[PDB]
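Peer 1: build the 3D model from these lines:
(one chain, ligands or ions: 2)
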Amino acid sequence: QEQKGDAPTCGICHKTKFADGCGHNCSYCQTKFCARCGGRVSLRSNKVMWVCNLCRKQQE
Ligand SMILES: [Zn+2]
Ligand SMILES: [Zn+2]
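Peer 2: Numbering: from 1, shown residues only. Ligands and ions are numbered 1, 2, ... in the order given. Structure data below:
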């Protein structure tokens, strides 16, 4: 991680730029993806985890 004024980008379409900070990161691959290249999977009200369509699908 290096703060060089680099904006947030999707690791799939590389188009959708995350908001001020960080977008959705795969709870597995850890890859940064947009709300369209992943899904919301919270493990009980305490922590919200996002899994890419490749993990959410392959992992059923
Ligand atoms: Zn994307
Ligand atoms: Zn993943």
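Peer 1: drop to CA atoms for contacts and neighbour counts, all remaining ones
Peer 2: OK.
Peer 1: residue 24 touches residue 30, doesn't it?
Peer 2: No. Under the criterion of CA atoms under 8 Å, residue 24 makes no contact with residue 30, lying 9.1 Å away.
Peer 1: higher neighbour count, these two?
Peer 2: For residue 24 and residue 30, the more surrounded residue by other CA atoms under 10 Å is residue 24, and the numbers stand at 24 against 12.
Peer 1: got the contact list for the more buried one?
Peer 2: 18, 32-35, 38, 50 (CA atoms under 8 Å, 6 or more residues apart in numbering).
Peer 1: and the helices in the chain?
Peer 2: 53-58 (DSSP state H).
Peer 1: that older thread, got TSV for the contacts of residue 24, with neighbour count and distance to ligand 1 too?
Peer 2: Below are the contacts of residue 24 laid out as TSV (neighbours: other CA atoms under 10 Å; distance: CA to the ion, whole Å):
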residue	neighbour count	distance to ligand 1
18	17	9
32	23	8
33	28	5
34	25	4
35	17	7
38	21	8
50	25	13
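Peer 1: appreciated, that's everything.
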